Amino acid sequence: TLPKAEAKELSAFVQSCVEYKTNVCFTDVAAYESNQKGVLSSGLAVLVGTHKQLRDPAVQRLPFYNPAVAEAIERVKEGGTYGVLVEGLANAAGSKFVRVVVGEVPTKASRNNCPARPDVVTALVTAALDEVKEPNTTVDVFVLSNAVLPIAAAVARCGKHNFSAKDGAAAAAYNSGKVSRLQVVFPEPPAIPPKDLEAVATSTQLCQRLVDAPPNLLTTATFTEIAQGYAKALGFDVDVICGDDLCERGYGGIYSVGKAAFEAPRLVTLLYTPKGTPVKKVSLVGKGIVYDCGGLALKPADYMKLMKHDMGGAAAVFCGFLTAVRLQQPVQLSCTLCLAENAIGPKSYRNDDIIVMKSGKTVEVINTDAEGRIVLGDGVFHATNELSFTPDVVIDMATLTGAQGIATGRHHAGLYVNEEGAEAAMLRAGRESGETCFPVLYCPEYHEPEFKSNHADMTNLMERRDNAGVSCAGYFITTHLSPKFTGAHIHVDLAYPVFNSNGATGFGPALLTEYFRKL
Amino acid sequence: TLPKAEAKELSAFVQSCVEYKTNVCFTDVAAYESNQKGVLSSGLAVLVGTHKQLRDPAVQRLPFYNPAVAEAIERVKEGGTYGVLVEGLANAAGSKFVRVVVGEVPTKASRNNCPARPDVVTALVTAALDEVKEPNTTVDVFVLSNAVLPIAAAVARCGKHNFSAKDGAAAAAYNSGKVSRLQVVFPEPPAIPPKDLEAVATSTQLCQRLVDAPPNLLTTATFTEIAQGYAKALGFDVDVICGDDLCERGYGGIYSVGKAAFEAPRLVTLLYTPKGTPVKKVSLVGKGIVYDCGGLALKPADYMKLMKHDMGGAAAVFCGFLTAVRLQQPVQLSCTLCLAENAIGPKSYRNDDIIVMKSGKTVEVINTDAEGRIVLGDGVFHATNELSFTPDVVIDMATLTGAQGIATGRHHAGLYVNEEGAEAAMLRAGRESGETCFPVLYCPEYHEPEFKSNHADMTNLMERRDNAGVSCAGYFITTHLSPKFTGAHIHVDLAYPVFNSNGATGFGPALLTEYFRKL
Amino acid sequence: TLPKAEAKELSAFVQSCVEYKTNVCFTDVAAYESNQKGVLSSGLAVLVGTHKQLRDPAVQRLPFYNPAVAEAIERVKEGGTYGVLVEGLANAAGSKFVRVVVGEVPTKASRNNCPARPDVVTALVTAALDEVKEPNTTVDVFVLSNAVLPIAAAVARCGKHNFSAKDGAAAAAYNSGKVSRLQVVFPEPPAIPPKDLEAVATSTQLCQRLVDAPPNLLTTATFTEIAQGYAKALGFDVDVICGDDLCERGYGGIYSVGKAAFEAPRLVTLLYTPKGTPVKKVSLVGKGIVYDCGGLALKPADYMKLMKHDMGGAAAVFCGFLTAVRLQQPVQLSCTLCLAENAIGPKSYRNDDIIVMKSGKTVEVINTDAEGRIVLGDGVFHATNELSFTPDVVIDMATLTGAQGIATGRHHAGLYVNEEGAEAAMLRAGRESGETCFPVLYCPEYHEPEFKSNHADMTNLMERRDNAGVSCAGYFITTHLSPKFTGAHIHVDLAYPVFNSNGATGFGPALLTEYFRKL
Ligand SMILES: [Mn+2]
Ligand SMILES: [Mn+2]
Ligand SMILES: [Mn+2]
Ligand SMILES: [Mn+2]
Ligand SMILES: [Mn+2]
Ligand SMILES: [Mn+2]
């Protein structure tokens, strides 16, 4: 029983997520010339490209181009921006001066990176949008690259976040009033239709919204309601196993992790079957730890900050699923959300407790703060044993370990994969999408001894933390795969790539979309 | 209200403890020759003794002896084992080869140790049993020592533990399927009858079971039910003061420690009066902290692991009591179990709270993780004030302090004792039983000032941690002894001796049995 | 000025390393039958192979085979050993019984591992050699695998270490008296000649010796003298830049790191040019931190233990170089040893000091315990700018980061490589040699910003430690490569693979040999 005022706030927040619509739309130079007739949308325009692209003669045909803009192109630093005023340029806001911000994108890109460097595109547009005068304007963003998918996601990510509690926004269901409408103008008609690019951008931003949201708003219950709302609207199936039913049905892992919390844990499975014959059957599984306090293995306060992001894997997987449904991608999908709060209290699972997992394997809990692998263990067994089909590929996505950052860094999700082919394909999808990945060691024979237990089948924590920490957490999860499953298993550790110093990045959904696209 | 599946599991676990039967039986060479006619029980035999004992001519008359075994005796290292195959040796398993494992026991033994070195006996047999081929076999263990009590307990302790959650054992009420039946074969008919040695072994192993068990299985409630089950079966009295009744009846110490937990605290008192006139009246009191998270003074995770062992003193005292009832030892006994979980939550007793103990004395709580001395304070007052008799001797056993390990180590329980005579006797009982002890400083005049309080009669924590930390915890407990009590008080700190790297040792019950035997 | 007794001890230790000869020799079953005529070398024989290999009919033709050995094969556990006595088997020691120890090697091997699992081979032979009765015996080790290179190195690694200070060995220049001579018997004549396998084994063991040795013995001076000794004996060139001359010649990195120490730092370069036509040119550079106390950024004692291993990269590179010279491999080599002790005192380089590197680039020292990347920076610039040739490939090997263990674990060295091709080749060499490697993220555009400095060209420490810690250290080193260099750069982080719980592994030399072999 919550207070009435808190429950109304939660319902309104749910609705804000279910009805979320993007601020971004897409077009091309010829279509823009034709529809707008050389009238800018507002008093701000943005021009982004490489050193070489910015000097293409076609740039001179752009409606805002003049000798000041030419000088901006000369003075702008690589990775930086440079702004100039253009007097008496026609625009729909009737502004006397138009501000034109040029941004230079590097060409330097390692073999493990996206050649189009959408990371810099995001930062350039963000910086340029900080020069916005008025609210509710439309900003024309002219991009010289034709790498449409990575640019779409990059721009969706950029600028002020749709989630906000600033300046009375709490009374408007935490919908920001500071976001500018963005018109992305490609050089050529995009290889991917504009409406499809919109769906991608929408999923990136929704993912961002879910991750940014504080846990007083995004709970196990509200996340579930959001999933149910999208199921009603788009017509996909939803199965929910809630609270004590998890225990009764043998889901000891997710039950034990989540049982101390105010809001009960939930295993939420979503099903989508395309019209006609599917190219693959794929089961998605996401770590939905709505808040990771550590449990009895309580985190210090420094480390507990930003643990609202611990559901970033569930958000990624959920929004990737939504994109697939909206674009009618020809993949049969399950999406299992492992929703729990890792809370501290009298019902807390303990450091010493022995858990009977859904898989039938027993787990000695060494450290309650290694909760993610436990909920995922139940998730992947569910996906591989309990559904109406057996998947060809299982993809689990999780903000799983600190080791991930040390290993592969802030921009590359770690991949632990049982097959070379599935790994290469996910890497390729990362490089095409801009949501980059990198492999971690796959060597089960060396991971297995780290989990030896006196009394149970396994522990939940490596004996020696300095023995491939990203990999070992992946290994743990694989021990709970059903024997019925003989296909590819892709573990994605996205602990760090889901956020930066401005908040959530919406990393994961576009990665999935691109992966599905190439199956 | 627990889930139905969890409650069924708890009942089954209770029953497994109440009906626990040992895997060990005892006999002697002549009786073995006569009953088995030179046919080994299985494809494994074990031979354990000192360098000199192994070279006794009587060893050559053992049914598995041959020149390869003789060579094993030559090659085996002190404290080590050495295995050989014997071809065409008659055995009940019909194995073509019998494996004979020889183990050499040192003679070196300090004045504070058991001369028969049962510590090494345990490790030798454990190592030998790791060479077991099949399940459910009987292994003949030939021991060359006649120190029957320490060997009985040593062998009961050894090998795989009766508690297990491995390989589906959770569905069999956590009864291990990996334990071998062990036939211990002494050189001479044992000075203590085989059926009596069985009862001792049973108590060692039950104690081990209770200590090994994770706190999701062994709770304040299930521990109580187990005690009640044994009371029905053996016909001894049981008194239970439960939850809020502890507060109403003035038991502020145990109530305050346990009140935050999911399962309520309990003061459980068991009574046994022998048929004859008793040699002594003895009150046992045991720290039954089912799990020590530290309370609001929360333990870090490294330190919180194995805190399921924090009820080792209650297990020891409980199983020593059982043995006394089963063997009808002529001692009048009370056994008070101080059962609580030291949990963290909104009802947690605080660092600053002032407790009114049953004794009438007030305790200022400096640190909630010094919970044991508090529950014991109520326990010993109960024993010395509230029973139908006044004891001559109070023995409290507790996994009480980290200082214990630093002071007396992993194999020797620390003794804090108000009389030289009772101390010497408990030391002698430790040396005879193998469950060795060592004294800590008894000096109340120096302990007393460490507990000075501004507002209460005393604190629960020493001001200066480096001033006889085993002793000061003992001192605290003695301040709550009833003034009606004028007898011997033996405080046994067994923090480390109750476990090793394989889990529980079942340390304590045999110590008590031997102590009672010599009264 | 050292005491006379210490100087004599150091000279003798130097000589022990310079004259080091292996305990291992290699042959095959037919050559063994022919030379030894079915007579075992001693009272111990070892049989090692997979479950399938151990049941090959050819096993029955081995001279020690009998029904007891057959039973051993049945009873042995995967990854374990099992020993039996064989009566009246002919052997050179005239022993009445021969002990035969069987060891089972797993077939399970991930795509990132050596299929022959030499890691288990090492452990099996180690465990078998623990059953050795007498000193100075020869032990026949029958291996059922034909993977000769990885087995050679595996057996060289195994058992008791040639470095010892036990039982008066200090008086014998720390040459162990506990090492058994080992005769490795392959099924077929080895694809690599026995004398070549010996040279490999010798380098593995010498490497192990240098790493095991305490820093009171292996100093910057003695390591130098050892290199000089090998140069005189084998006829290769040696260049030494010592102490203050490092400062005068602009080697500010290695000079600053090492200048606080009792023994001066040294840049030691070795040159080998093969007879004839010109071939691949490779420059090796090794981190030779004889002891890493942390400098002014002092390590706690727990972390400072085993920092004698911090010269493992210099040892690896040195011994790989020796193997190339002994086998006359057709590669032109330089080998630069970056020798320093990272010591604490009044001359200590500081957290704030600004270093002028040999490369001309300035380094702001944030943390003196990140010393390795600094000495290596001077090393690689030396190799790529100061030699009589320019290398095609630079390989640096270093026990560089804690992040390495977290990322790629205890058995896999981390690879940071500027070219896909060179990376793949080093990986292949790891899988063939058994000295396995795994890549870490190569993404200089993301590493570069971590080293931004206010006043110098760069810092020596990442601003954010959780942003690809293995990779960033590698990146730092690459900033000091000469602009004259346009080839492949392979950075090998072997922090953890150079040791296990028994001490040094001798990891690195064989990896190099195999890499050179395939060029
Ligand atoms: Mn988490
Ligand atoms: Mn956690
Ligand atoms: Mn305690
Ligand atoms: Mn405590
Ligand atoms: Mn170092
Ligand atoms: Mn260092």
Side-chain angles (χ1 to χ4, degrees), chain A residues 352, chain B residues 211 215 254 257-258 286-300 303-314 338-344 348-349 351 365-376 397-405 460-461 469 473 476-477 493-496 498-499, chain C residues 211 215 254 257-258 286-295 297-299 303-304 306-314 338-343 367-376 397-405 460-461 473 476-477 493-496 498:
Chain A
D352 275 350
Chain B
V211 178
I254 180 162
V257 169
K287 177 185 176 188
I289 300 298
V290 282
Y291 193 72
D292 195 356
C293 88
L296 282 169
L298 191 68
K299 294 174 184 298
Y303 287 94
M304 204 186 300
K305 82 173 49 137
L306 303 182
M307 284 304 109
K308 71 180 175 171
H309 300 161
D310 218 25
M311 43 55 70
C338 306
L339 301 175
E341 177 172 14
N342 195 18
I344 188 164
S348 271
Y349 83 131
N351 304 297
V365 179
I366 302 303
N367 193 305
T368 58
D369 196 6
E371 82 291 335
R373 66 195 65 181
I374 293 171
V375 307
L376 289 165
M397 305 186 96
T399 50
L400 202 59
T401 64
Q404 184 271 299
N460 81 320
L461 197 81
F476 176 98
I477 296 163
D493 194 338
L494 33 66
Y496 289 85
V498 301
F499 78 98
Chain C
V211 179
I254 180 162
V257 168
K287 176 184 178 184
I289 301 299
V290 285
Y291 193 70
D292 195 355
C293 89
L298 191 68
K299 294 173 185 298
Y303 287 93
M304 203 186 301
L306 304 182
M307 285 304 109
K308 70 180 176 171
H309 298 160
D310 217 28
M311 43 54 70
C338 307
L339 301 175
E341 177 172 16
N342 197 15
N367 192 306
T368 58
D369 198 6
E371 81 292 334
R373 67 195 63 177
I374 294 171
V375 307
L376 290 165
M397 305 186 95
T399 49
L400 202 60
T401 64
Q404 185 270 301
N460 80 321
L461 196 81
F476 176 99
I477 295 163
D493 194 337
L494 34 66
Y496 288 87
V498 299

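Note that ligands are numbered from 1 as they come in the structure, with each ligand's atoms numbered from 1 the same way. In what follows, chains carry the letters A, B, and so on, assigned in the order in which the sequence lines appear, proteins first and then strands, with residues in each chain numbered from 1.
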Problem - Which atom of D310(B) approaches the Mn ion (ligand 3) most closely (N/O/S) - result: OD2

Handout entry: the Mn ion (ligand 3) reached by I289(B) (N, O or S, under 2.8 Å)
Key = no

Problem - Any donor-acceptor pair under 3.5 Å from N460(C) side chain to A370(C) backbone - result: yes

Handout entry: Heavy-atom pair with the smallest gap, counting every atom of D493(B) and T399(B)
Key = OD1-C, 4.2 Å

Exercise for the section: Give a yes or no on whether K287(C) keeps an N, O or S atom under 2.8 Å from the Mn ion (ligand 5). Expected result: yes

Completion exercise
Closest to the Mn ion (ligand 3), among the N/O/S atoms of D292(B), is atom OD2

Problem - Metal check, the Mn ion (ligand 3) vs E371(B) N/O/S, cut-off below 2.8 Å - result: yes

Practice task
State, with a plain yes or no, whether a side-chain heavy atom of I289(C) is found less than 4.5 Å away from one of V257(C).
Solution key: yes

Completion exercise
In short, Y349(B) meets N342(B) closest at the heavy-atom pair CE2-OD1, 3.7 Å

Handout entry: Which atom of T401(C) lies closest to which atom of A473(C), heavy atoms considered
Key = CG2-CB, 3.9 Å

